[PDB]
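Colleague: Line order of the protein sequences matches chains V, W, Z and Y.
Okay, so the first sequence: first residue is 1 according to the entry's author numbering, each after it adds one.
Okay, so the second sequence: first residue is 1 according to the entry's author numbering, each after it adds one.
Okay, so the third sequence: first residue is 1 according to the entry's author numbering, each after it adds one.
Okay, so the fourth sequence: first residue is 1 according to the entry's author numbering, each after it adds one.
Quick one: structure below, then a few questions.
4 protein chains.
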Amino acid sequence: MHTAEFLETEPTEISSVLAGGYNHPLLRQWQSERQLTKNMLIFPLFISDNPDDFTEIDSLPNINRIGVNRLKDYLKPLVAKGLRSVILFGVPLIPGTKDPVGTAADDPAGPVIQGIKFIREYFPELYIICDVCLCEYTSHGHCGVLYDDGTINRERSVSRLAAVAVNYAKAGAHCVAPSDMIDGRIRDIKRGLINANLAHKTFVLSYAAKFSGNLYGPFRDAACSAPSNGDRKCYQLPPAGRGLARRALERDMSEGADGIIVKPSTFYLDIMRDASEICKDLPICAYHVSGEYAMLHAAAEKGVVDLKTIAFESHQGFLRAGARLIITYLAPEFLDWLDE
Amino acid sequence: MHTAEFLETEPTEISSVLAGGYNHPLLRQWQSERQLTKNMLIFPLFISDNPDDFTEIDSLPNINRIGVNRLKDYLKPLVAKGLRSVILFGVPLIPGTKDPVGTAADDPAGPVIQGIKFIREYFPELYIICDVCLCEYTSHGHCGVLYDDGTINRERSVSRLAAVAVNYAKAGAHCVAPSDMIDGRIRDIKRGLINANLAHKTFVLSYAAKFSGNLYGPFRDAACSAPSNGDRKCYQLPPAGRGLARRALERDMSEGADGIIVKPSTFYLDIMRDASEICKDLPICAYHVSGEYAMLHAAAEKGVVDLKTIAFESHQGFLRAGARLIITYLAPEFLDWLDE
Amino acid sequence: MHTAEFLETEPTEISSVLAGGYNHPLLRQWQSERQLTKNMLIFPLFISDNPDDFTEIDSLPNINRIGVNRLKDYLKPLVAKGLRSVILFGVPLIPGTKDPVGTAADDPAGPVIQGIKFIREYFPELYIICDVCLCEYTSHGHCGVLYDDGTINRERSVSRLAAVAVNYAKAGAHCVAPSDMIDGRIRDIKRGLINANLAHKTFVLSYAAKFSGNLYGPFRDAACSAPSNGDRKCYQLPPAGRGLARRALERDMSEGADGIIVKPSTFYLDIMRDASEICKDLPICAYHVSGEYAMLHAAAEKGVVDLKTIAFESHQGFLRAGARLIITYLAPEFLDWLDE
Amino acid sequence: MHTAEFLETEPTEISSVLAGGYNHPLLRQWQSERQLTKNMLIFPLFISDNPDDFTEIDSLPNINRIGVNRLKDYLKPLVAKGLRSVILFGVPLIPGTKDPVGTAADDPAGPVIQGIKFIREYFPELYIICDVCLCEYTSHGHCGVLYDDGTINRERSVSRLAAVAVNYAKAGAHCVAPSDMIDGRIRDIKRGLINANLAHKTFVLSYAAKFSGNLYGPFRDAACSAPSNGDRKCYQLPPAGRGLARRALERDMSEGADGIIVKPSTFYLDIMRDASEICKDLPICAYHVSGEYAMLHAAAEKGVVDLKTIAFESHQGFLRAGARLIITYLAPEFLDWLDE
Ligand SMILES: [Zn+2]
Ligand SMILES: [Zn+2]
Ligand SMILES: [Zn+2]
Ligand SMILES: [Zn+2]
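Next up, the structure:
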């Protein structure tokens, strides 16, 4: 007969025994270096320049493009469940708005600044973050100002972006989050806020390690920000570029970032870990991007994973890797799930 | 008129300028610290105890359960395209096989050892890795031997697992990969190989940082390994347990691991980065698990991502985070994609 | 009788046993931290100002001095076998060309810029690196502009070199590689590219740790760059000067280098290892120089080593020591050897 | 006219200026972290079991196989020029000497122990190192005792090697240098010396990081040590195996090594640098092996390099990389060159 063989053992070495630390549900919580709380959540808003908009974005589940006259009813229940922060993205749809230098990015009449004034008035305790970039405002869809050859013009771009950021701060935004990845834009934005006497009031949340890749699809629908001719690979970091990401983190810290974003999130958890050493004294934020989000919904719909389960697994992942803040389209779900 | 404002700039600081390093496609390759090659790929095989099997696994796209009489035709084209390694999982379906101590795990008549002898004869240059565990062989589906209260019995389990590993080595396997996560099993497996005069011939590839979670669904179908009563949370590591994972990596290195696996992969890239310091002198392997794989297919089917694109993005992610080996169900695709 | 004595042993300690990790050919590959691929290779070209040249260089085996009208036939088969990058060296032989300030270094009529325009037109996917220095263009053969006492004039030299580098970039070179070792030339070259709006397009590949020594003999024949009166020991680093090399690496990184070269290679592998810490976020390139190359051929011809074997041994050495790029006269051989 | 362009400069930054440190020949000496002295040199001797031998080794320039009756005349002038240490290799040519367990390795009648007694008597101040291995004594030419399948038997090999080392110590050798690379042999050799009351008298100089490769050709002629059937790749380290080398250095230190050898030398300078951290408290020795030596002679004969120049360049390389001792076939040359 084939019988079950058992090799002769030596006494257990104490160094082998890890199991005492995780044999109860409370312990598996004790083992986290950071626990998820509601105040860590940052929820993106896509604000339309049609005040009555509430448009479904087909590729971005359960997220809409919203005008100002619809914001109050949308946000009231979220704030009531403990939402503490939002990140605004403007989506100007009125024709003849977009141009080569993103003039409308800081249009006082535009959806972001209108959105800021609305939220400061109706939800004065909400912390307002504004994305800073030109892509939702340029005729060509790139994140900066271009040379004639279509490559990015660094100096003009950071000059423009610094203006936009300061103007959002002047309108009332508490935080600016430059998502452009153009060399040296943090220095100029910080200098701009210093010159405007707003640097002591305005958190600079840099998208310091933001990678090019395949996970921004549904965002392009929500924000109508797809590039015209070419792609973003000469400024967004290459997925394999750990060295570049490390240098970008150091750079933006040095140039005045109060916090940094790693983007995408799950697919770049190692870069959050890198950032947790380089930027150990700064808050680190994970951005759970449109494609990562839509991927979780697609897999859950197919029965591969359970939505709530993998949402907790992925978001706990961010905290494990060193983040303490999360920008996520699942914020409404978590404001309910974290009660229980 | 609202006009485009441009703040006054200072001269560019050289420290700001990263763009010289990634403005051409060849450079975005120069920026990787490791490039993907075919010899890094390890392909899982699910071997049936019905020699004529070639059964589709509904939840695991394009992967089948295969008996020995079908292996040659399956593997010939893969080896011809450069496959260098396989990892074997036995799936014994004959009734009255499974028992409380996983007797059949090392049945010389069983699919793993038959699979080893087949591959050594027909594909003598293929490197054979065998998964080592009891879950595919226990009546209760857990990875070790249980006490009456249903908790894991450490000493009996590692005694049994050491036997299994040595027996696979004795049959011809080049490498054993214990996936059980039971405290101290590497020491006993290594001592077992030393006593059998096989330690100088047998690579010990420990699943050192293997987490409990929501991503093993489709594997349970392929391997018929689902637990009976309870789950694996008292031995698989808690997703938030970075400290435990760090300690597990150190432990298994100390107890004789020649290499380590981090599992799952994408959702645990930060742990690969941790491992790349702790286990800097050892090969690190990412396991792209059944649920991560099925998730990529589900999202691609929904048009969220492009399959090939995100496959390269995710697998490049592993290398970026410090892995130099990848166990992946996408090995056949990559053996074609890496030619081009 | 003298008989074979065997001392009494203790049981094997697991910590002693390394052999599990390297007992199979696939494993000895798993043990490399980086594998050699074709896209890592950079091949030097010596371009003549006689368009029809294809002159053998007696001291540099299998390498010729080539004019532009012969380039297409020379490069077509190499690119077809996967060559991705070249490094250009100009060799102007027309009398009355060389002068004390290396005027011809950036002659639009000269072999480098002609070579750049030829390659951009006929091989538009090739990545073009240009050596930047004055030695192939000065009447005196030194790498910079001299004072009357014959010592290097730093300020004038870096002023001239910055111009040359920018002019090559303006002509189409993707990368400039200053090989002069004159203090602070990287800062000025980078500032020059920034002022010319080319820094976002031009990789600066500094020969940061370049040593004086006995291994440049055959290069002096190919490039007709031998100094007049004196040697290069006051700017090329002394072979024993680890401290200086460490400081040079830090300096050039700080002044804008996107990548660094260690030169020579095999005889300075320890400096590559130093560089892999100091410049961990940057690509590191080994230059397998003329004398190291000619040394391998001489020893192989004498039957001391096998050419292919020691070529792989030495080039794997570079990767082991932390390089991820290799400038090597053996590129044609490797474009064939890496297929197999 | 094409005229020499000079870009506008900024004032020199002090951080750019390294040249103050190496503008004079005395300074290029000040810049070495260690200077070459005669007492750092260790000279290999190949001792024949024919007492009157003085046989030229065709592939090893200027080195002979020497019997005991010729030793005095050979060594007298070397010691007179300051030779402080030798490393002995036995070359028994009498038929019926070699056997599967290397019985003759510690034959009191054999060339090593005769060589030890000769040198202790006639040159009592010379420091005697003995190579410890079985390859010059086994019928099959491998470095240890084999199983029937021809693979190395670890336990028997280290048992035999420990005996040999202790027996050389008992005969008068001051130092034993095990060159076998078999797992755990240092522990057993050290325990053997402790049991023999010789550990307080006997330096253990481990060849801890000894690589397989193409550079041992001429040694095989001198020592008649070429393997029978197979090669040494399952115990000598793979050239790409930095991780293994790091682990081997740590291991042998832990098991009792008083010093370590890195072998080969020039082609592994990065491993010396690794060793200088891992083994910072221990002397590190470079072995300039037969093929590296013969390579320098071949290139010098071809006029690629100047022999003396490259000998100093390479040996200074060892010291730069962290060695403080050098085993080298060029010791006679250096005992003359270091006077001047
Ligand atoms: Zn943008
Ligand atoms: Zn299991
Ligand atoms: Zn030069
Ligand atoms: Zn030996």
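For every residue, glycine included, the Cβ atom is placed at its ideal position computed from N, Cα and C.
(1) Could you tell me whether the Cβ atoms of residue 60(W) and residue 231(W) are closer together than 8 Å?
(2) By alpha-carbon positions, which one of 248(Y), 92(Y), 315(Y) and 88(Y) ends up nearest to residue 117(Y)?
(3) Looking at residue 184(Y) and residue 154(Y), is the spacing between their C-beta atoms short of 8 Å?
(4) Enumerate, from N- to C-terminal direction, the unbroken beta strand (DSSP E) stretches of 3 or more residues contained entirely within the segment 57-98 of chain Z.
(5) Could you please give the first and the last residue of the uninterrupted beta strand (DSSP E) stretch that includes residue 177(Y)?
(6) Figure out for me which residue from 112(Z), 140(Z), 240(Z) and 206(Z) has the closest Cα to the Cα of residue 283(Z).
(7) For the alpha helix (DSSP H) that residue 334(W) lies in, which residues bound it at each end?
(8) Which one of 36(V), 203(V), 194(V) and 137(V) has the shortest CA to CA distance from residue 319(V)?
(9) With a cut-off of 5 Å, give the chain-ordered residues whose Cβ is closer than this to any heavy atom of ligand 3.
(10) Answer with buried or exposed for residue 298(Z), where buried requires no fewer than 16 other C-beta atoms within 10 angstroms of its C-beta.
(11) Measure the beta-carbon distance from residue 20(Z) to residue 244(Y) and round it to whole angstroms, keeping in mind my assumption that it falls under 8 Å.
(12) Please classify residue 2(Y) as buried or exposed, where buried requires at least 16 neighbouring CB atoms within 10 angstroms.
(13) Between the segment 66-90 of chain W and chain Z, which residues of the former have a C-beta closer than 9 Å to a C-beta of the latter?
(14) Applying a beta-carbon distance threshold of less than 7 Å, which residues of chain Z neighbour residue 232(V)?
(15) Compute the Euclidean distance between the alpha carbons of residue 126(W) and residue 119(W), then round it to the nearest angstrom.
(16) Pair every Cβ in the segment 122-138 of chain V with every Cβ in the segment 312-326 of chain V, then say whether three or more of these pairs are closer than 8 Å.
(17) Is residue 248(Z) buried or exposed, if buried means 16 or more other CB atoms sit within 10 Å of its CB?
(18) Determine the chain V residues that contact residue 313(W) at a beta-carbon separation under 7 Å, and present them in chain order.
(19) Output, in chain order, the set of chain Z residues within a Cβ distance shorter than 7 Å of residue 339(Y).
(20) Report yes if the C-beta distance between residue 309(W) and residue 39(V) is below 8 Å; otherwise report no.
(21) Any heavy atom of ligand 2 closer than 7 Å to the Cβ of residue 180(W)?
(22) What residue range is occupied by the uninterrupted alpha helix (DSSP H) comprising residue 122(Z)?
(23) Run through the segment 241-291 of chain W for me and flag every whole alpha helix (DSSP H) of 4 or more residues, listed as ranges in chain order.
(24) Can you pull the chain Z residues whose beta carbon is under 7 Å from the beta carbon of residue 190(W), in chain order?
(25) Which class does residue 218(V) belong to by DSSP, given the choice of helix, strand or coil?
(26) Taking only beta-carbon atoms, is residue 253(W) less than 8 Å away from chain V?
(27) Where residue 33(V) and residue 270(Z) are concerned, what is the direct C-alpha to C-alpha distance, given to the nearest angstrom?
(28) If you measure from the beta carbon of residue 283(Z) to each beta carbon in chain W, is any gap under 8 Å?
(29) As a quick exercise: from 70(W), 137(W) and 131(W), pick the residue whose alpha carbon is nearest that of residue 96(W).
(30) Give the residues from the segment 166-184 of chain W that approach chain Y closer than 9 Å (Cβ to any Cβ), ordered along the chain.
(31) Looking only at DSSP bridge pairs, what is residue 207(Z) linked to?
(32) Should residue 46(V) and residue 223(V) be called a contact, given that it needs their Cβ atoms to be closer than 8 Å?
(33) Spell out whether any CB of chain W is found under 8 Å from the CB atom of residue 22(V).
(34) Which same chain residues, not among the five before or five after residue 101(V), have their C-beta less than 7 Å away from its C-beta?
Modeller: A quick look at the data gives this:
(1) Taking the first residue of the second sequence as position 1, residue 60(W) is located at position 60. Taking the first residue of the second sequence as position 1, residue 231(W) is located at position 231. No, they are not a contact pair.
(2) The sequence position of residue 117(Y) within the fourth sequence is 117, counting from 1. Distances from the alpha-carbon of residue 117(Y) to those of 248(Y), 92(Y), 315(Y) and 88(Y) put 88(Y) closest.
(3) Locating residue 154(Y) in the fourth sequence gives position 154, counting from the first residue. Locating residue 184(Y) in the fourth sequence gives position 184, counting from the first residue. Yes; because the gap between Cβ atoms is below 8 Å, this pair is in contact.
(4) With a minimum length of 3 residues, the continuous beta strand (DSSP E) runs that stay inside the segment 57-98 of chain Z are 64-66 and 85-91.
(5) Here residue 177(Y) refers to the residue found at position 177 of the fourth sequence. Start and end: 175-178.
(6) Residue mapping note: residue 283(Z) aligns to position 283 of the third sequence, counting from 1. Selected option, being the one with the closest Cα: 206(Z).
(7) In the second sequence, counting from the first residue as 1, residue 334(W) sits at position 334. For residue 334(W), the uninterrupted alpha helix (DSSP H) segment begins and ends at 331-337.
(8) Residue mapping note: residue 319(V) aligns to position 319 of the first sequence, counting from 1. Residue 319(V) has its Cα closest to that of 36(V), out of 36(V), 203(V), 194(V) and 137(V).
(9) Residues with a Cβ closer than 5 Å to any heavy atom of ligand 3, in chain order: 133(Z), 135(Z) and 143(Z).
(10) Sequence index remark: in the third sequence, residue 298(Z) carries index 298 (1-based). So residue 298(Z) ends up on the buried side.
(11) In the third sequence, the residue the question calls residue 20(Z) occupies position 20. In the fourth sequence, the residue the question calls residue 244(Y) occupies position 244. About 11 Å; that fails the 8 Å criterion.
(12) Position 2 of the fourth sequence, counted from the first residue, corresponds to residue 2(Y). Classification for residue 2(Y): exposed.
(13) Hits within the stretch, in order: 84 and 85.
(14) As a first step, residue 232(V) is located in the first sequence; it is residue number 232 there, counting from the start. Neighbours of residue 232(V) on chain Z: none; closest Cβ ~14 Å, over 7 Å.
(15) Looking up residue 126(W) in the second sequence gives position 126. Looking up residue 119(W) in the second sequence gives position 119. Going from the Cα of residue 126(W) to the Cα of residue 119(W) covers about 7 Å.
(16) In short, these stretches do not touch, since the Cβ pair count stays below three.
(17) By 1-based counting over the third sequence, the position of residue 248(Z) is 248. Residue 248(Z) is buried by the Cβ-count criterion.
(18) Translated into positions along the second sequence, residue 313(W) becomes position 313. Residues of chain V passing the Cβ test: 213, 214, 239 and 267.
(19) For this step, residue 339(Y) is matched to residue 339 along the fourth sequence. Near residue 339(Y) there are no residues of chain Z at all, since even the closest Cβ is about 20 Å away, more than 7 Å.
(20) Residue numbering aside, residue 309(W) sits at position 309 when the second sequence is read from its first letter. Residue numbering aside, residue 39(V) sits at position 39 when the first sequence is read from its first letter. Between residue 309(W) and residue 39(V), the C-beta spacing is not below 8 Å.
(21) Sequence index remark: in the second sequence, residue 180(W) carries index 180 (1-based). Yes; taking the cut-off as 7 Å, the Cβ of residue 180(W) has a heavy atom of ligand 2 nearer than that.
(22) Residue 122(Z) sits at position 122 when you count from the first residue of the third sequence. First-last of the alpha helix (DSSP H) with residue 122(Z): 111-122.
(23) Runs found: 242-254 and 269-278.
(24) Taking the first residue of the second sequence as position 1, residue 190(W) is located at position 190. One finds 14 in chain Z with Cβ atoms closer than 7 Å to the Cβ of residue 190(W), taken in chain order.
(25) Along the first sequence, one-based indexing puts residue 218(V) at 218. Helix, per DSSP.
(26) Your numbering for residue 253(W) matches position 253 in the second sequence. Residue contact check for residue 253(W) against chain V: no CB pair falls below 8 Å.
(27) Translated into positions along the first sequence, residue 33(V) becomes position 33. Translated into positions along the third sequence, residue 270(Z) becomes position 270. So the two alpha carbons sit approximately 39 Å from each other.
(28) Taking the third sequence and counting its residues from 1, the one referred to as residue 283(Z) is at position 283. Yes - at least one Cβ of chain W is within 8 Å of the one on residue 283(Z).
(29) Counting from 1 along the second sequence, the entry for residue 96(W) is found at position 96. Nearest option by C-alpha distance: 137(W).
(30) Interface annotation for the segment 166-184 of chain W against chain Y: empty, criterion Cβ-Cβ distance under 9 Å.
(31) By 1-based counting over the third sequence, the position of residue 207(Z) is 207. 261(Z).
(32) By one-based count along the first sequence, residue 46(V) stands at place 46. By one-based count along the first sequence, residue 223(V) stands at place 223. With a cutoff of 8 Å on beta-carbon distance, residue 46(V) and residue 223(V) are scored as near each other.
(33) For this step, residue 22(V) is matched to residue 22 along the first sequence. Answer yes: the Cβ-Cβ gap between residue 22(V) and chain W drops below 8 Å somewhere.
(34) Locating residue 101(V) in the first sequence gives position 101, where the first residue counts as 1. Closer than 7 Å at the Cβ level, and outside the excluded window around residue 101(V), lie 145 and 160.
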